[PDB]
Each structure stands twice: as structure tokens, then as C-alpha cells.
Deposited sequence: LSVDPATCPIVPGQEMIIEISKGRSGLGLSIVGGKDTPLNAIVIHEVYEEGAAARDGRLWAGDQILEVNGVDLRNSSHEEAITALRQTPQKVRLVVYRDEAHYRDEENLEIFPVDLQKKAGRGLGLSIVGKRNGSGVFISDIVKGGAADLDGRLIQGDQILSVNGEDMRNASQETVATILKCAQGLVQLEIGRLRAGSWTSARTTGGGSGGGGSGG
């Protein structure tokens, strides 16, 4: 037990996972264009939520002295699972750009829509492999759908954005917010 969380420096903190789950949610990796492992929401049931110091935008750089600079997204989640009951971490403290997509024959956009467990917004969950969104390749898991064809979805429901995206017919102009 040495220090509290302060921005600007490569901090080194330790969390006690104990019997509860760590409860982090990750975005990015070497497989993605983001090229960083970034915390996206802290699940309230988890241990880091108990700990209190990790906020929802913190960049993870190593777990148990395992450098994540080359770790893919899947590699980074297992790195979270392989932690003992104690946890060793090193952390640091949106990008907005447009993506237009054309709906494929039968499926549609080929992406999943969900909301944060605690917090407003609506984000991309899963990208169907042969999907229309996959072959475009610019979207990744955790990307926020800011608007759809101009209309701002920032404080919209999951039913709202689901309904708009499903019923849209031709080319779908999306704004996307991503962490940094």
C-alpha cells in the first residue's frame, strides 16, 4: 500500500481481487487500430470498484509485469484472468470520426448494440464476422455511437438506437466516439 491515483505519471498500484471479480471492461489491443488497452467501464460489483481508484478512462500498461504493448485484445483479457487473489497493475491517466456503412443482403449492419451497465450512452458490443461493419473494419468493440444520420444519440436508450439502426434503409452515416 503506497500511493493514491494521480494523472500524468506511469503509476503502479495493487488491487486485492479477493473472492470477488476484478470487474474491468477493456477496449483496444495490437489487433485493433487503437493500439492501447483502455478501461472502458468499471463494473460496480467488482474489486476495482471496491478499491475506488480506477476511473473509466484509465490506460493499463502491464499486469504482473507483463507488457501489453504487443498484446491483442483477447490476450489482454486473459492477462486480467491470470491474476492471483492479489493484483499488480501499472496505469496511466474522445476521438470522434465518421463511418458510413451500406447494409448487406439479409443481415443488416452486422454489429451489436448495448448500453453501459451504469452510465448513459450506447456502444458497439460484438462485430459479426462476415458483417457489413466487419469488412469496413474501422469499428471495434466499445465504440460509442454518437449520432446516426445526424441525430445525436449521446443520451439515448438502447431501444432508441436499436430501433433507428434496424429500421434505417440505405447508407447509414455514423459518428463514432472512441477512447484515447
Missing segments of the deposited chain sequence, listed N- to C-terminal: 1 to 5, 99 to 108, 196 to 216
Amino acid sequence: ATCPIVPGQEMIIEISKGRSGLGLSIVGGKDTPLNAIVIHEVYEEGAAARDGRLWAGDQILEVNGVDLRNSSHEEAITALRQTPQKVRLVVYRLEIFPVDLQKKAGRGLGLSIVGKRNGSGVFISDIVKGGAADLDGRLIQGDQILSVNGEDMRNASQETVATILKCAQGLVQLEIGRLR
From here on, numbers count along this sequence of modelled residues.
Average Cα temperature factor in the PDB entry - higher stretch of 68 to 76, 81 to 89: 81 to 89
Mean Cα B-factor comparison, 118 to 126 or 26 to 34, giving the higher one as deposited: 118 to 126
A49, C-alpha B-factor rank within chain (lowest, middle or highest third): middle
For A105, the third of its chain into which the C-alpha B factor falls: highest
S112, C-alpha B-factor rank within chain (lowest, middle or highest third): lowest
CA B-factor placement of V63, once the chain's modelled residues are sorted into thirds: highest
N149 by Cα B-factor - lowest, middle or highest third of the modelled chain: middle
